[PDB]
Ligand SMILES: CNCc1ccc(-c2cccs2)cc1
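What follows is a single chain, given as structure tokens, in the form solved without the ligand.
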């Protein structure tokens, strides 16, 4: 399937144990896709002071369309030193590995895979 229905655990930035996916744009996009498939991917909602507490490169989910079955359609964009790799809509949040942190909520998404 070109799209996969996922429910992403929403984590508080200060609970996150593993604060990024890796060390290159290609690696973080790779790792993010693997974690999304394996159900080991969390989402941190971006507010003032969040991103400086996470590791670059960042992986964002961005709205790719204006929402089947409640699931917002999203795609991945990475960022490193203010340059983004990809083009998409509004940020739903930043992806991080999930290693058993308790979420505050779930974000239903349809991921272009």
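Residue numbers count along the first chain shown, from 1.
Going from residue 83 to residue 84, the model skips none of the deposited residues; the chain is continuous there. Higher average CA B factor: 67 to 75, of the stretches 67 to 75 and 38 to 46. Set 85 to 93 against 98 to 106 and average the Cα temperature factors; 85 to 93 ends up higher.
FYI, the form deposited with the ligand bound isn't displayed, but the following is about it.
The site on this chain is open, since the ligand, superimposed from its pose in the entry with it bound on the surrounding C-alphas, has no atom within 2.4 angstroms of any backbone or C-beta atom. Within 4.5 Å of some heavy atom of the ligand in the entry with it bound lies at least one heavy atom of residue 37.
Although the partner is absent here, residue 113 sits close enough that one of its heavy atoms falls within 4.5 Å of the ligand in the entry with it bound. A residue is said to contact a partner when one of its heavy atoms sits within 4.5 Å of a partner heavy atom; residue 63 fails this definition for the ligand in the entry with it bound, lying far away. Looking at residue 33, you'd find a heavy atom of it within 4.5 angstroms of the ligand in the entry with it bound. Although the ligand is not shown here, in the entry with it bound the stretch 79 to 98 places no heavy atom of any residue within 4.5 Å of it.
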